[PDB]
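Report on the following structure.
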Amino acid sequence: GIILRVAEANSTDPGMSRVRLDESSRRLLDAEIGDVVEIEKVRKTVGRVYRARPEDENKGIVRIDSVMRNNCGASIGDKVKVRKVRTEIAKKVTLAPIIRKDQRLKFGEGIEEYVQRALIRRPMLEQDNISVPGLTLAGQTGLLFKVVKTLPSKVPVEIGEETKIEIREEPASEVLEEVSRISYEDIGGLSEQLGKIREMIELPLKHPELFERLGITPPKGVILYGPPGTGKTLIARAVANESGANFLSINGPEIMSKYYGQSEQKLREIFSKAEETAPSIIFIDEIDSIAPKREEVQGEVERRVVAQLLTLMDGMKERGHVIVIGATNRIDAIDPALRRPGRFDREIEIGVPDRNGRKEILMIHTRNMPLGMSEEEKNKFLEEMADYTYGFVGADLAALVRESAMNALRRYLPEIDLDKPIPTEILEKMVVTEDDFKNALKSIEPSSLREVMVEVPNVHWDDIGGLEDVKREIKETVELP
Amino acid sequence: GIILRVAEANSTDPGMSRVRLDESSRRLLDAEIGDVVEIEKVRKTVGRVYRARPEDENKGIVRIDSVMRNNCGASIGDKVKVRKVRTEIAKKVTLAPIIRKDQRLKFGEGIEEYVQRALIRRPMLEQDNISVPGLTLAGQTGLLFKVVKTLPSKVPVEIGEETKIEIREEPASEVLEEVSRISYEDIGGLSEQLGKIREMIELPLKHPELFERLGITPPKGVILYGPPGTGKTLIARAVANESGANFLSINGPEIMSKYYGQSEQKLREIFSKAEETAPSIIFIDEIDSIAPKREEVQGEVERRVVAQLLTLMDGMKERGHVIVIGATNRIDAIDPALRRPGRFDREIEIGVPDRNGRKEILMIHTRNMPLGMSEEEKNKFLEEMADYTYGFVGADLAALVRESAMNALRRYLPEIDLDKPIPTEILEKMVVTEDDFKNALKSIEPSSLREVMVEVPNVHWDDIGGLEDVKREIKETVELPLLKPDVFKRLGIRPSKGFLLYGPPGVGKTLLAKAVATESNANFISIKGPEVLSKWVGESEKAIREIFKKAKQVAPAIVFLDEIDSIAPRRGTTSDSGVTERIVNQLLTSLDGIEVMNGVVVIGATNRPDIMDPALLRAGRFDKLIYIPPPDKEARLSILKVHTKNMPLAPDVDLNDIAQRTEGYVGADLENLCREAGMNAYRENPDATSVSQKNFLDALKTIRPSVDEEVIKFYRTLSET
């Protein structure tokens with residue numbers, strides 16, 4: 006009714022509070038375009054956004070930015086109350102750093118330059134955390150600032166271009182929901198698969214009694230595939246962020262450091278926390294190390310660690326309200342008995358991206374820096390980078406652009422400013438020309454070891470010549486059924 | 006006398022107390038149809054059922070529902086006293102939850118909706134547990150309610166549609182025999198095998214002195230095969246339910262958690278309980294983990310755990326009155342010495358289901374939900390789901406429908422009710438459309454890794470065309486030895502394997518041999534080139550020897566073997582020469598040593614034979630060729646009407662003119678011409694070739710006439726020579 010949905014923003018609008026609202030969705034609320042919005046939901050957490058119309062989306066959902074959902078702690082399908090309010094402008098705003106794992110923060114100037122041009126008329130309120138990326142991939146990422154006081158406090162305000170900004174720099178922590186959480190929009194990859202993997206554990210993990218025995222038996226286990234730690238492993242820790250439950254980490258360095266009698270007791274030790282932290286999710290990326298077994302002799306510790314993990318899941322009635330999942334590099338390095346009942350049943354194969362899927366993966370790593378989608382229509386758009394790149398992955402793309410960031414460095418940083426204090430002039434000098442990403446394509450970094458791949462062509466019938474007799478005949482065969 | 010048997014209900018009647026009683030069985034008791042029944046047996050446990058007549062069953066047994074046998078604790082072949090009584094109706098009934106492992110139960114409303122429409126006039130008594138499934142597969146299963154008090158208590162009552170139902174919700178336990186027991190009807194799978202596996206341990210486990218040394222030595226051990234934990238392992242715990250004895254569980258997590266000195270003492274520890282809990286049954290599904298041994302070095306613990314298990318069975322005199330059994334995934338991962346005497350002897354191979362066998366497996370997982378058999382005759386019936394599904398198993402089918410239940414969820418649950426309290430309106434909204442089960446068939450979930458499989462065809466002689474000379478000739482070969490044999494001994498003719506076919510691929514030839522399997526009501530075993538190329542890549546070429554031994558139990562069945570010899574000539578020249586290949590000689594030598602007189606019928610086919618052995622022409626092997634002529638005018642017209650009966654009919658298509666001009670088209674061409682030109686026939690599409698007879702003639706000029714007199718002459722020369 007007023008209840009308009011939250012979702013993962015396709016068009017990101019890297020400037021926060023710019024959240025897309027449909028023209029057909031806003032006329033359902035009878036709120037016109039270009040007004041200050043008040044987002045009010047349960048827990049009495051609030052935030053303000055600016056309406057801008059997308060196209061492909063329909064009135065069934067409203068597609069919202071990640072951080073503004075990370076400010077209200079919104080999960081997909083929540084309940085909010087939004088309406089248009091009065092419009093004002095700020096005067097002088099004071100901000101403060103958010104220090105938890107950050108180890109202090111930026112020292113020097115840029116209190117005006119970096120903040121002002123990135124404001125772009127963001128509706129907001131006092132004590133709100135704004136996310137302002139840009140200026141580079143390495144050293145500058147999505148960064149949250151704690152706003153102390155503005156002169157028009159608690160009232161709806163859009164900070165203008167002629168309004169000064171003061172940075173107190175006094176070290177403090179976040180008032181509202183800082184990072185270490187990764188939203189589904191902060192995630193990127195296969196789209197429909199992201200919703201299909203989550204929907205099975207969606208309803209149980211939220212509430213136990215919402216979906217328990219009703220529809221079917223809940224998930225026993227889930228086996229994941231693909232580049233384990235390209236950001237496929239980041240999805241594991243990411244899924245536990247929206248659910249809010251505990252995340253148990255079964256990792257390489259612990260199973261390698263624990264030999265006979267140390268690991269055997271640790272298997273029940275991590276399982277003892279599974280019953281205590283319950284409800285909790287159990288993610289194992291060590292299936293390659295734990296149970297590589299093809300039925301040979303890897304030693305007693307290898308057969309002991311797998312036999313216990315089988316009994317650890319068997320020792321559970323399947324109700325502590327917990328879900329054990331697993332991940333591995335490829336379709337191989339897995340124990341064949343894991344597909345037997347009484348243990349892991351569902352296996353979800355995670356594939357690779359496509360020309361459109363790569364753009365979703367790139368969009369995650371697209372903005373730490375000063376790039377744009379609508380603001381550069383073609384030259385810096387991701388599809389021009391997608392068509393040349395073949396057989397890559399998020400971490401490879403992340404390390405590729407980071408190596409391509411050094412191309413932006415070697416043309417700027419070393420021969421100009423070697424000083425530890427960061428000048429204010431070097432900030433305007435930071436941009437990214439497509440040549441930096443093209444120079445990495447010519448250099449040897451690209452490698453594709455992937456056996457199975459797919460593609461889609463660019464070829465239309467405008468470049469096709471004669472033989473129209475087969476043309477309509479090809480339509481006869483293929484297109485009719 | 007009054008003693009009418011209990012059995013496993015084929016027609017389930019998911020509504021309890023609806024138990025099927027034969028019309029011929031009820032007239033033996035002189036009790037008419039549609040009356041209240043009083044079931045009285047030993048221990049003075051009672052229950053009431055409603056009589057409804059089935060058909061195929063006879064008066065020898067009465068086929069009874071599972072839960073009503075689970076209420077009286079009935080085992081197959083018990084003694085009961087049943088008679089017709091007076092008929093009354095309830096007024097107001099009070100029910101209570103059964104809480105043991107259940108962790109409380111349903112909270113909200115539905116005390117009327119869910120109960121009332123599922124009552125369907127069930128005869129019952131006070132303090133009886135009724136089973137009411139439905140509304141979904143996941144979250145709702147067979148559920149028992151404890152009835153506290155009804156106003157007409159202890160008297161025969163059929164709760165009516167206008168009678169209210171009250172749920173006290175006060176937590177309590179079962180008065181009578183709740184779940185955690187799985188009846189043979191609750192079991193599903195191979196039918197005759199379920200009775201054959203149980204009958205050996207049936208008599209001993211019931212009473213020790215009933216059958217002890219009398220007939221034979223009791224079972225030493227039993228080795229089980231198949232998907233260990235698809236519900237094949239559920240059978241293990243299930244068998245111990247009817248017997249009532251103790252069930253010892255040898256499992257994976259305990260043998261993995263117990264290392265050197267922990268497991269070695271545990272082997273005698275679980276064996277010490279075997280003597281204490283005696284009589285008891287010992288089921289081991291860990292034969293894969295315990296004794297995988299092919300005689301290599303798996304470590305000392307692997308040789309120690311198997312050597313003890315050998316002595317654990319040897320340490321027993323064979324009388325504690327106990328039976329040790331075992332199970333494993335496949336015919337492999339087993340110790341070779343286990344077949345030696347002094348230890349496991351009987352091995353019962355558990356296979357996979359069939360179109361009828363799958364319906365029995367589905368019937369177990371069919372009702373947690375609101376489906377029906379007689380109430381939906383076709384659309385929701387299991388056979389429509391069975392014909393599309395191939396190479397599945399109970400747990401795979403259970404997880405498939407559970408994933409297909411999410412299709413029923415995604416169309417209902419998320420976008421409507423996310424609330425923890427369950428509304429009363431969402432209960433009517435729960436149904437299952439066949440599209441949910443079809444969407445999983447299109448999605449990638451189906452996978453078949455199973456090497457050896459069988460099937461049965463749908464093809465009858467109504468879709469078959471001409472060549473009736475071979476028709477009665479196929480009946481001559483195959484169908485005569487079955488009914489005749491006392492006539493077969495009158496003539497005293499020798500035995501033989503079977504005929505052989507030749508002709509262009511799949512003209513009628515794949516359909517003709519496929520039609521004979523349905524008429525004789527026998528099974529169908531197909532060995533085909535693309536089917537064999539799957540075998541010898543996955544190392545199943547040795548299992549072909551087992552497929553030979555597989556045909557004798559499934560008999561009567563026909564064996565259909567085509568183009569295995571196609572890979573013979575590449576290594577050495579074979580047509581009449583007979584130098585074939587190393588794996589193919591396993592086919593040859595077997596046909597020489599395989600016993601005749603069996604229900605197996607050897608059949609083969611090929612385009613032009615041109616690959617064979619001179620032994621394949623000799624007897625005890627492939628036999629007299631059957632010439633497939635090209636369909637004549639009267640044969641083509643009979644074939645064309647089979648192709649055009651599914652397509653629309655109109656004078657625009659004339660079958661007479663094309664039949665007179667073309668005498669040489671085979672079955673594949675006639676089957677092909679309707680494919681692409683039938684899309685051009687009438688209006689399937691805007692193109693201008695529609696509603697013409699020339700569209701068949703236009704494709705007639707493009708396709709080859711397939712008229713070769715030389716290859717037909719080559720057949721007559723190779724046949725006699």
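Residue numbers (PDB author numbering), protein chains in the order written: chain B, 6 to 486; chain A, 6 to 726.
We put the CB at the ideal spot given by N, CA and C, even for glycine.
Any heavy atom of the ligand MN closer than 7 angstroms to the Cβ of B:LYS84? By its list of ligands, the structure shown contains no ligand whatsoever, and the ligand MN lies outside what it can speak to.
Pick from B:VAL180, B:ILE330, B:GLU214 that is closest to B:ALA245, judged by C-alpha positions: Counting from 1 along the first sequence, the entry for residue 245 of chain B is found at position 240. Measuring from the Cα of B:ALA245, the nearest candidate turns out to be B:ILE330.
Burial state of A:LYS364, where buried means 16 or more other Cβ atoms lie within 10 Å: Sequence index remark: in the second sequence, residue 364 of chain A carries index 359 (1-based). Buried, since its Cβ has 16 or more Cβ neighbours within 10 Å.
Pull out every residue of the region 302-313 of chain B whose Cβ sits closer than 8 angstroms to any Cβ of chain A, in chain order. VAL302, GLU305, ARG308, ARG309, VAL311, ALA312, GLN313
Helix, strand or coil at A:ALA403 according to DSSP, with G and I counted as helix: Within the second sequence, residue 403 of chain A is the residue found at index 398, counting from 1. Note: A:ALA403 maps to helix in three-state DSSP.
For A:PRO233, go through chain B and note every residue whose CB falls closer than 7 angstroms to its CB, in chain order. Numbered from 1 along the second sequence, position 228 holds the residue referred to as residue 233 of chain A. The contacting residues are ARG345.
DSSP on B:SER29, reduced to helix/strand/coil? As a first step, residue 29 of chain B must be located in the first sequence, where it is residue number 24. Correct three-state label for B:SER29: helix.
Taking the Cβ atom as the reference point for each residue, do A:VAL406 and A:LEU195 lie within a distance shorter than 8 angstroms? Within the second sequence, numbered from 1, the residue matching residue 406 of chain A stands at position 401. Within the second sequence, numbered from 1, the residue matching residue 195 of chain A stands at position 190. For A:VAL406 and A:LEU195, no; Cβs fall outside 8 angstroms.
Taking the alpha-carbon of B:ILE292 as reference, which of B:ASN373, B:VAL311, B:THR282 has the nearest alpha-carbon? Here residue 292 of chain B is taken as the residue at index 287 of the first sequence, counted from 1. Among B:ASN373, B:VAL311, B:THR282, the Cα nearest to that of B:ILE292 belongs to B:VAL311.
Between the CA atoms of A:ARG91 and A:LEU34 - distance to the nearest angstrom: As a working note, residue 34 of chain A is residue 29 in the second sequence. As a working note, residue 91 of chain A is residue 86 in the second sequence. Going from the Cα of A:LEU34 to the Cα of A:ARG91 covers about 16 angstroms.
Note down, in chain order, all residues in the region 458-475 of chain B with a beta-carbon under 7 angstroms from any beta-carbon belonging to chain A. none
Examine chain A for any beta-carbon lying closer than 8 angstroms to the beta-carbon of B:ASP319, and answer yes or no. Along the first sequence, read from residue 1 onward, the residue named residue 319 of chain B stands at position 314. Yes, because at least one Cβ of chain A sits closer than 8 angstroms to the Cβ of B:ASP319.
Indicate whether B:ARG308 and B:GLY396 have their beta-carbon atoms separated by less than 8 angstroms. Residue numbering aside, residue 308 of chain B sits at position 303 when the first sequence is read from its first letter. Residue numbering aside, residue 396 of chain B sits at position 391 when the first sequence is read from its first letter. No; because the gap between Cβ atoms is not below 8 angstroms, this pair is not in contact.
Within chain A, the residues that B:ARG218 reaches when beta carbons sit closer than 8 angstroms: Taking the first sequence and counting its residues from 1, the one referred to as residue 218 of chain B is at position 213. In chain order: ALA143, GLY144, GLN145, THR146.
Spatial neighbours of B:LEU215 in its chain, beta-carbon cut-off 7 angstroms, leaving aside the 5 residues before and after: Here residue 215 of chain B refers to the residue found at position 210 of the first sequence. For B:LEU215, where only same-chain residues beyond five positions count, the Cβ hits under 7 angstroms are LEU208.
Would you list, in sequence order, the uninterrupted beta strand (DSSP E) runs of no fewer than 3 residues that lie entirely inside the region 281-313 of chain A? 285-289
Residues, ordered as in the chain, of the region 12-33 of chain A that lie near chain B by beta-carbon distance below 7 angstroms: none
Which term fits A:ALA624, buried or exposed, when burial requires 16 or more other beta carbons within 10 angstroms of its beta carbon? Stepping through the second sequence from its first residue, residue 624 of chain A is reached at position 619. Exposed, because fewer than 16 other Cβ atoms sit within 10 Å of the Cβ of A:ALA624.
So what does DSSP say about A:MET129, is it helix, strand or coil? Reading the second sequence from its first residue, position 124 is the one you call residue 129 of chain A. Here A:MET129 sits in strand by DSSP.
Express the C-alpha separation of A:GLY304 and B:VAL302 in angstroms, rounding to a whole number. As a working mapping, residue 302 of chain B is identified with position 297 in the first sequence. As a working mapping, residue 304 of chain A is identified with position 299 in the second sequence. If I take the Cα positions, the gap works out to 8 angstroms.
Kindly give me the distance between the Cβ atoms of A:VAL647 and A:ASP468, rounded to whole angstroms, as I take these residues to be in contact under 8 angstroms. Taking the second sequence and counting its residues from 1, one reaches residue 647 of chain A at position 642. Taking the second sequence and counting its residues from 1, one reaches residue 468 of chain A at position 463. With 8 angstroms as the limit, A:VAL647 and A:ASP468 qualify as a contact, their Cβ atoms being about 5 angstroms apart.
DSSP has B:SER158 in a bridge; who is on the other side? Against the first sequence, residue 158 of chain B aligns to sequence position 153. Bridge partners of B:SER158: none, in fact.
Shorter than 8 angstroms from the beta carbon of B:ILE221 to some beta carbon of chain A? One-based indexing of the first sequence puts residue 221 of chain B at position 216. So yes, B:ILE221 belongs to the interface.
Could you give the distance in angstroms between the alpha-carbon of A:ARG587 and the alpha-carbon of B:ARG299? Locating residue 587 of chain A in the second sequence gives position 582, counting from the first residue. Locating residue 299 of chain B in the first sequence gives position 294, counting from the first residue. Each residue's Cα considered, the two are about 29 angstroms apart.
Listing by chain order, which chain B residues have their CB less than 9 angstroms from the CB of A:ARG407? Along the second sequence, read from residue 1 onward, the residue named residue 407 of chain A stands at position 402. Correct list: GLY220, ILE221, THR222.
Strictly below 7 angstroms CB to CB, what residues from chain A border B:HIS326? Sequence index remark: in the first sequence, residue 326 of chain B carries index 321 (1-based). The premise fails here: B:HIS326 is roughly 11 angstroms from chain A at the closest Cβ pair, so nothing lies under 7 angstroms.
Going by beta-carbon coordinates alone, are A:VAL51 and A:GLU60 separated by less than 8 angstroms? Residue mapping note: residue 51 of chain A aligns to position 46 of the second sequence, counting from 1. Residue mapping note: residue 60 of chain A aligns to position 55 of the second sequence, counting from 1. Not a contact, by the Cβ cut-off of 8 angstroms.
Taking DSSP as the reference, what is the three-state secondary structure of B:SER254? In the first sequence, the residue the question calls residue 254 of chain B occupies position 249. Looking at B:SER254 - three-state DSSP - the assignment turns out to be strand.
Would you say B:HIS370 lies against chain A (beta-carbon separation less than 8 angstroms)? Translated into positions along the first sequence, residue 370 of chain B becomes position 365. Cβ-Cβ to chain A under 8 angstroms: no for B:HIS370.
Can you tell which of A:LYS64, A:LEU488, A:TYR55 has the C-alpha that lies nearest to the C-alpha of A:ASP70? In the second sequence, the residue the question calls residue 70 of chain A occupies position 65. The shortest C-alpha separation from A:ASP70 is found at A:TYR55.
Please go through the region 597-670 of chain A and give each complete alpha helix (DSSP H) segment of 4 or more residues, from N-terminal end onward. 619-622, 638-649, 660-666
Buried or exposed (CB count within 10 angstroms, at least 16 for buried), A:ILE289: Locating residue 289 of chain A in the second sequence gives position 284, counting from the first residue. Buried: at least 16 other Cβ atoms inside 10 Å.
Sorted by chain position, which residues of the same chain lie with C-beta nearer than 6 angstroms to A:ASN685's C-beta, five sequence neighbours on each side aside? The residue you call residue 685 of chain A lines up with position 680 of the second sequence. Only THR694, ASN700 meet the Cβ criterion.
Tell me which residues share the same chain as B:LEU253 and place their Cβ nearer than 8 angstroms to its Cβ, disregarding the 5 neighbours each side in the sequence. Counting from 1 along the first sequence, the entry for residue 253 of chain B is found at position 248. The answer, listed in chain order, is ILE275, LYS278, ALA279, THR282, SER285, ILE286, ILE287, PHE288.
Tell me where the beta strand (DSSP E) around A:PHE504 begins and ends. As a working mapping, residue 504 of chain A is identified with position 499 in the second sequence. Run containing A:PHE504: 503-507, per the beta strand (DSSP E) assignment.
Range covered by the beta strand (DSSP E) that runs through B:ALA12: Indexing the first sequence from 1 puts residue 12 of chain B at position 7. No beta strand (DSSP E) contains B:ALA12, which DSSP labels as neither H nor E.
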